[PDB]
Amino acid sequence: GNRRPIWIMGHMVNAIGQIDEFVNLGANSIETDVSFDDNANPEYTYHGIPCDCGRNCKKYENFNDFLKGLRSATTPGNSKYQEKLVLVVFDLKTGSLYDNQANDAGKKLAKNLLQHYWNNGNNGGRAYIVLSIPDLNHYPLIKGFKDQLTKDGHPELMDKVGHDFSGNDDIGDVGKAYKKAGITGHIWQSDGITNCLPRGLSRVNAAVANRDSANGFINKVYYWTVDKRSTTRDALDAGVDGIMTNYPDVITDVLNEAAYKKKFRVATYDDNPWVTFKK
């Protein structure tokens, strides 16, 4: 059948200069960490120690600076436009926030994205955005984000926005979280572990099983963080849509192998990241 489109997601892309670095190695997507200040305002694109093996953990920008850089990379006609960069996953580090600030955090995020990424609707960046939340109890962040876009007069930008709960929770628990949030599509399901530690495929298989069942809730599945060819082949054999990596060129090389070229292709802007793939 048709080739499954694959998102090769550059991991921990937190300095503006790293956008080109990862995209030029073959990434069509990037993942970026978002720290929050004491008021639930996004503050930095900062991961900090501990981080993935072989990586500098401390590259960062003021969050709005990174957003303007991301906008340049994703706005057709810009000197720095990268046609290939089509999805951004914001890893919202909401661990520093009280649970009752989750909604506020969503609103502040929407304000920053609207102002600095989507440029108030004036020739904004075109990439699809996944809001990745590490704690199921922070689901009210989603409603906050939405409600803020709506108040600012850009509710249509939600068409470009999707969702992830990244905490490796039980899949049934994740589904219940979405049910509470009233979310019924644009769902990516992360599964993984730092590149420093070994992991099996049981939960990723279960996420794929949910995605491909008639009444499942997951649209796309991604595995993280994968820096090895063997692991890449395993994840692709398992049927994942996305692979998050410190080395996009490693993933690219595997996808360019004759056997894999026949079953997979690098996703482009016209592949809707919210739509479950069918052969």
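Residue positions are given as counts along the sequence shown, with the first one as 1.
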| item | value |
| --- | --- |
| Of 178-186 and 72-80, the one with larger mean CA B-factor | 178-186 |
| Given 54-62 and 217-225, the range whose Cα B-factors average higher in the PDB entry | 54-62 |
| Selection by C-alpha B-factor (highest) of 43, 241, 249, 33 | 249 |
| Identity of residue with top Cα B-factor, from 109, 197, 133, 207 | 197 |
| Among modelled residues of the same chain, the CA temperature factor third for residue 155 | lowest |
| Modelled-residue ranking by C-alpha temperature factor, third containing residue 16 | lowest |
| Record-listed C-alpha B factor of residue 171: chain third | highest |
| Chain-relative CA temperature factor third for residue 161 | lowest |
| Residue 115 - which third its CA temperature factor falls in, relative to the rest of the chain | middle |
